[PDB]
There are 2 protein chains.
Amino acid sequence: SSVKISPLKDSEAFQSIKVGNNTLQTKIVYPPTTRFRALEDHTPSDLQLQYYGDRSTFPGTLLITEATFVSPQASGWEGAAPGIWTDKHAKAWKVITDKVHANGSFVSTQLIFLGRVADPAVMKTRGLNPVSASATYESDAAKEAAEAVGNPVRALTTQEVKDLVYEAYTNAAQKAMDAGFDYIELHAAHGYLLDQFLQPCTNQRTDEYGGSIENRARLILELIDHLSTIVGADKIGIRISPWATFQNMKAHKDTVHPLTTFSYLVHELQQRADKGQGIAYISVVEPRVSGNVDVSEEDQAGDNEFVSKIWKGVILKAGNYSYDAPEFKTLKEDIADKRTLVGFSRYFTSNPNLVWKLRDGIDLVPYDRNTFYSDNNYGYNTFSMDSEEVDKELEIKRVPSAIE
Amino acid sequence: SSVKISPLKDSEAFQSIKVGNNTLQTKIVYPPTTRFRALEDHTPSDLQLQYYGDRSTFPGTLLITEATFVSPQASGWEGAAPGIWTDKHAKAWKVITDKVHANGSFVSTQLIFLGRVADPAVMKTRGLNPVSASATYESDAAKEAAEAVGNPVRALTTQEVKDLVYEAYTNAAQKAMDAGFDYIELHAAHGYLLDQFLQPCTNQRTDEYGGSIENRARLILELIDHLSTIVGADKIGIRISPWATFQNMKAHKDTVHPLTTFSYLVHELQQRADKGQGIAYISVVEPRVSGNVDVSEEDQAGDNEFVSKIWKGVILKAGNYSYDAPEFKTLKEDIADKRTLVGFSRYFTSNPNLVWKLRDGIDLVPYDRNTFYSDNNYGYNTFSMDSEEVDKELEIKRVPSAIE
Ligand SMILES: Cc1cc2nc3c(=O)[nH]c(=O)nc-3n(C[C@H](O)[C@H](O)[C@H](O)COP(=O)(O)O)c2cc1C
Ligand SMILES: Cc1cc2nc3c(=O)[nH]c(=O)nc-3n(C[C@H](O)[C@H](O)[C@H](O)COP(=O)(O)O)c2cc1C
């Protein structure tokens, strides 16, 4: 069912806010949203071009791309997600960042590393293992599945870690800059690699990257400091989901509480800002939400309020913000401080002009969870056409080709 | 000026709540409140007898005594505060816990260790140093003052620490049990010893009691675990002031944020509770307040809300709860969860029958900050008489004698 909504045009959501060196004209953001419409070889496609161009028509909007791989070792998905380690990649993404820029908008890229939840069948085809902070499995099934193909998860060595910072991520930060990205965002949420490293249930390392709160955070901060000196702090973002239990993160039930784990981290980030090295934004994930799925009113067990008392800079919040629609009481409270942005993912998928719709209170077209993760244009770029010209076949046949 | 207030009789504040093995009949608590009306040799007096008896007339009230010394080394004050290390002490406190008990009320004792803020002139007269986690001074004055008498603050050795746990505090937990106390509360706030140990601005130790978040907390937790096995978890309380800057604690401006420092600690305490070793209550200090003095609306920079999302047991809050009087909107919100108690200190000083006054909305007699810390009965037990029989002289002459 469609969602009736009131206008946000006169709210703080259309007041300008400086994020790094760029000024957005709306505080409404498209957060990183995986869609598996990249080409086979992990390169951006003619579909992604239209799909990102489509959503940048409100001048000065900030778009954040789907999780993108930093390297072959960082992948692990059965679907076609994009990468940004080769020149092939970058030059293609370039065509897209140009498109968004020509519309006065901005675009940040989320850098992801799967780690302990990589599909062992696929890593095998790259002559790779599944890796992680320690050698753990999401589920009991995910561990057997891995062994069956003879490709168990192995823990990175103190050396392979350093190479992530100075070879793996560095290369991608640079291909990103070559690609035209206005920011890059370290995906430190949803129980992927960096989240794996941050929290005790997935990180029982004995070296300097494990063993204490400080150690566990050690790696994330090394990427921040080093990448700050390659792209500049003003182009670095990070995402966190303190409360999510996606891919089996213990969250509030771990041996160290997320408040403890993430205040430490956030407050370290603030100290850097104090010395003039503040990153652009901290992207957090509201407790209503966990990964790509809602959390029920009864299981929410915290908030991200602590982030606001510790970090003085820009915050990006997302997660089912139309729950108290059509008035948006909650969203308006969250943006009251005038340094907070608000993310709309799923409703962005089916509302290419979402920023416009929210501005003028136009009813939100519902989203097709069925076509989130499929491999064709059906349920992807269709929402931009007039519904009565959509040819469900022709469009299901339409897979990602190449650009130009 | 007097404070007009509405009745709390029908609120959750007069619903029974189980705290350890005792059930209170009111949630309104007298928090630890230093008054310096003990005898010269740190033994309880005929004045303290009347003063604590006076406030226990509502059956099932919980009273918490003024900070009490655990040993000669733990003192450091120019005024006459009580101790609980000798038998002399205990037998005297006994006369008092009996009095409160005969009134169906309960009484916990706050165990304090001054540390780095001991007056070096007085420690000298015991042939002692000022001690601490590290060798630091509150102020630049407090360091010079100390040297002038040739008694600088020295850092405890790894050994002296162990002795606090197994000799210093153990002895006092036992003299406490001998004394009739229903609980004992570890004073881990206001920048005294345990707070000194918990936080980085006062703890740069290189052993196991410093160097990490975990290490810094190590000592507090060792006292919890060990004292749990001597008095039982159900008789242990701890107080924290996450945000106070009393005696120069950096609070939100330290190298580790209080949220980080105290979530860790509180969540460790919860894990013990999960194994059946939960202490009786966590006493926190609301950001409106810092030590014995108010904090202005502009400098409050956090809340203790994180404590409630982490600890599942009884919480005791205090700190200027009549700010939104006469309705008490805030107090009623804070007790809504039905496991929270509310502390009234200063208004308890001049309202011996405070519990009764709050129950029936009777106007609160104002307090005399001038006579908080003086050495006679004037401004102490006077508030229990009819004001027009008070003889300001006779009562200023009246100093602490002995009991019976
Ligand atoms: C299909 C789908 C793909 C997603 N992909 C990502 C992703 O790659 N990275 C990420 O950080 N979050 C991802 N999310 C989570 C969203 O960014 C966001 O946290 C969540 O949708 C809450 O906002 P919303 O309810 O307004 O979409 C995804 C969510 C969905 C539904
Ligand atoms: C004179 C005086 C003495 C105090 N002594 C202590 C003490 O020994 N230990 C302690 O933890 N807090 C002490 N406090 C702080 C109070 O317990 C409490 O945190 C503060 O008064 C806020 O509550 P109130 O404003 O209702 O009194 C003292 C406060 C005052 C005014």
# chains A, B, ... in the order shown; residues from 1 in each chain; ligands from 1
$ closest_atom_pairs --of "chain A" --to "ligand 1" --cutoff "7 Å" --atoms "only C-alpha atoms and all ligand atoms" --output "Markdown table"
| residue | atom | partner | partner_atom_place_in_ligand_line | distance |
| --- | --- | --- | --- | --- |
| A:31 | CA | ligand 1 | 17 (O) | 4.8 |
| A:32 | CA | ligand 1 | 9 (N) | 4.6 |
| A:33 | CA | ligand 1 | 5 (N) | 3.5 |
| A:34 | CA | ligand 1 | 5 (N) | 3.9 |
| A:35 | CA | ligand 1 | 1 (C) | 6.2 |
| A:66 | CA | ligand 1 | 8 (O) | 4.6 |
| A:67 | CA | ligand 1 | 8 (O) | 4.1 |
| A:187 | CA | ligand 1 | 11 (O) | 6.4 |
| A:189 | CA | ligand 1 | 11 (O) | 6.6 |
| A:239 | CA | ligand 1 | 11 (O) | 6.8 |
| A:285 | CA | ligand 1 | 19 (O) | 5.8 |
| A:289 | CA | ligand 1 | 22 (C) | 5.7 |
| A:290 | CA | ligand 1 | 19 (O) | 6.8 |
| A:291 | CA | ligand 1 | 15 (C) | 5.1 |
| A:292 | CA | ligand 1 | 29 (C) | 3.7 |
| A:293 | CA | ligand 1 | 31 (C) | 6.4 |
| A:318 | CA | ligand 1 | 23 (O) | 4.9 |
| A:319 | CA | ligand 1 | 22 (C) | 3.2 |
| A:320 | CA | ligand 1 | 25 (O) | 3.7 |
| A:321 | CA | ligand 1 | 26 (O) | 6.0 |
| A:343 | CA | ligand 1 | 26 (O) | 6.0 |
| A:344 | CA | ligand 1 | 26 (O) | 3.7 |
| A:345 | CA | ligand 1 | 27 (O) | 3.2 |
| A:346 | CA | ligand 1 | 27 (O) | 3.8 |
| A:347 | CA | ligand 1 | 26 (O) | 6.2 |
| A:372 | CA | ligand 1 | 1 (C) | 4.6 |
| A:373 | CA | ligand 1 | 1 (C) | 6.3 |
$ write_last_selection --atoms "C-alpha atoms" --output "PDB file, in the first residue's frame"
ATOM      1  CA  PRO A  31      21.875   5.220   1.535  1.00  0.00           C
ATOM      2  CA  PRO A  32      23.996   2.376   0.161  1.00  0.00           C
ATOM      3  CA  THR A  33      21.604  -0.118  -1.382  1.00  0.00           C
ATOM      4  CA  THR A  34      22.729  -3.394  -2.978  1.00  0.00           C
ATOM      5  CA  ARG A  35      20.950  -4.378  -6.175  1.00  0.00           C
ATOM      6  CA  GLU A  66      25.672   0.135  -3.118  1.00  0.00           C
ATOM      7  CA  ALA A  67      28.397  -1.734  -1.291  1.00  0.00           C
ATOM      8  CA  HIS A 187      31.326  -0.168   5.499  1.00  0.00           C
ATOM      9  CA  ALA A 189      28.285  -2.417   9.761  1.00  0.00           C
ATOM     10  CA  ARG A 239      28.751   3.436   8.651  1.00  0.00           C
ATOM     11  CA  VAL A 285      21.659   2.700  11.504  1.00  0.00           C
ATOM     12  CA  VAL A 289      16.301  -1.598  11.344  1.00  0.00           C
ATOM     13  CA  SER A 290      18.912  -4.342  10.968  1.00  0.00           C
ATOM     14  CA  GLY A 291      20.531  -5.022   7.625  1.00  0.00           C
ATOM     15  CA  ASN A 292      17.824  -5.071   4.951  1.00  0.00           C
ATOM     16  CA  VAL A 293      14.921  -5.926   7.234  1.00  0.00           C
ATOM     17  CA  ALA A 318      18.483   5.828   8.221  1.00  0.00           C
ATOM     18  CA  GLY A 319      15.975   3.096   8.880  1.00  0.00           C
ATOM     19  CA  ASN A 320      12.241   3.118   8.244  1.00  0.00           C
ATOM     20  CA  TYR A 321      11.629   6.848   8.755  1.00  0.00           C
ATOM     21  CA  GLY A 343      18.307   8.198   4.769  1.00  0.00           C
ATOM     22  CA  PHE A 344      15.549   6.612   2.708  1.00  0.00           C
ATOM     23  CA  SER A 345      16.565   3.343   1.068  1.00  0.00           C
ATOM     24  CA  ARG A 346      13.700   1.044   0.118  1.00  0.00           C
ATOM     25  CA  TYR A 347      11.331   3.893  -0.703  1.00  0.00           C
ATOM     26  CA  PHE A 372      15.627  -5.907  -4.722  1.00  0.00           C
ATOM     27  CA  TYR A 373      18.209  -8.572  -5.538  1.00  0.00           C
TER      28      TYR A 373
END
$ select_by_dssp --residues "stretch 130-309 of chain B" --states "strand (DSSP E)" --output "ChimeraX atom specification"
/B:131-132,154-155,183-187,236-240,281-285,289-290,293-294
$ write_last_selection --atoms "C-alpha atoms" --output "PDB file, in the first residue's frame"
ATOM      1  CA  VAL B 131      47.735   7.782  47.388  1.00  0.00           C
ATOM      2  CA  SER B 132      46.107   7.088  44.031  1.00  0.00           C
ATOM      3  CA  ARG B 154      52.452   8.563  45.590  1.00  0.00           C
ATOM      4  CA  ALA B 155      51.105   5.833  43.291  1.00  0.00           C
ATOM      5  CA  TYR B 183      24.153  -3.032  52.378  1.00  0.00           C
ATOM      6  CA  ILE B 184      27.510  -1.532  51.615  1.00  0.00           C
ATOM      7  CA  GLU B 185      28.073   0.806  48.722  1.00  0.00           C
ATOM      8  CA  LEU B 186      31.397   1.208  46.901  1.00  0.00           C
ATOM      9  CA  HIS B 187      31.874   4.920  46.370  1.00  0.00           C
ATOM     10  CA  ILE B 236      26.538  -4.747  47.447  1.00  0.00           C
ATOM     11  CA  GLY B 237      25.912  -1.361  45.895  1.00  0.00           C
ATOM     12  CA  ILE B 238      28.054   0.964  43.787  1.00  0.00           C
ATOM     13  CA  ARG B 239      27.705   4.668  42.891  1.00  0.00           C
ATOM     14  CA  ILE B 240      28.819   6.360  39.707  1.00  0.00           C
ATOM     15  CA  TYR B 281      21.665  -1.574  42.951  1.00  0.00           C
ATOM     16  CA  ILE B 282      23.625   0.786  40.766  1.00  0.00           C
ATOM     17  CA  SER B 283      23.493   4.326  42.199  1.00  0.00           C
ATOM     18  CA  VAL B 284      24.007   6.897  39.432  1.00  0.00           C
ATOM     19  CA  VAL B 285      24.251  10.646  39.528  1.00  0.00           C
ATOM     20  CA  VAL B 289      24.438  17.514  39.437  1.00  0.00           C
ATOM     21  CA  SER B 290      28.161  17.110  40.120  1.00  0.00           C
ATOM     22  CA  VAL B 293      26.733  21.387  43.591  1.00  0.00           C
ATOM     23  CA  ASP B 294      24.340  22.030  40.648  1.00  0.00           C
TER      24      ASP B 294
END
$ interface_residues --of "chain A" --to "chain B" --cutoff "12 Å" --atoms "only C-alpha atoms" --output "ChimeraX atom specification"
/A:211-215,243,251-272,274,300-312
$ atom_distance --atom1 "atom CA of residue A:17" --atom2 "atom CA of residue A:359"
16.5 Å
$ atom_distance --atom1 "atom CA of residue A:382" --atom2 "atom CA of residue A:395"
8.0 Å
$ residues_around --residues "residue B:148" --least-positions-apart "5" --cutoff "10 Å" --atoms "only C-alpha atoms" --output "ChimeraX atom specification"
/B:120-121,143
$ write_last_selection --atoms "N, CA, C and O atoms" --output "tab-separated table (two decimals), in the first residue's frame"
chain	number	residue	atom	x	y	z
B	120	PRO	N	47.23	16.52	52.58
B	120	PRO	CA	48.54	15.93	52.91
B	120	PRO	C	49.00	16.25	54.33
B	120	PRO	O	49.81	15.52	54.89
B	121	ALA	N	48.46	17.33	54.91
B	121	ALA	CA	48.77	17.70	56.29
B	121	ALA	C	48.28	16.65	57.27
B	121	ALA	O	48.96	16.33	58.24
B	143	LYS	N	48.84	20.35	44.56
B	143	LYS	CA	50.15	19.72	44.39
B	143	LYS	C	51.27	20.48	45.14
B	143	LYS	O	52.15	19.87	45.77
$ atom_distance --atom1 "atom CA of residue B:241" --atom2 "atom CA of residue B:322"
19.1 Å
$ residues_around --residues "residue B:191" --least-positions-apart "3" --cutoff "8 Å" --atoms "only C-alpha atoms" --output "PyMOL selection string"
chain B and resi 188+194-196+245-249
$ select_by_dssp --residues "stretch 61-252 of chain A" --states "alpha helix (DSSP H)" --output "NGL selection string"
:A and (87-101 or 120-124 or 140-148 or 158-163 or 170-179 or 193-198 or 213-231)
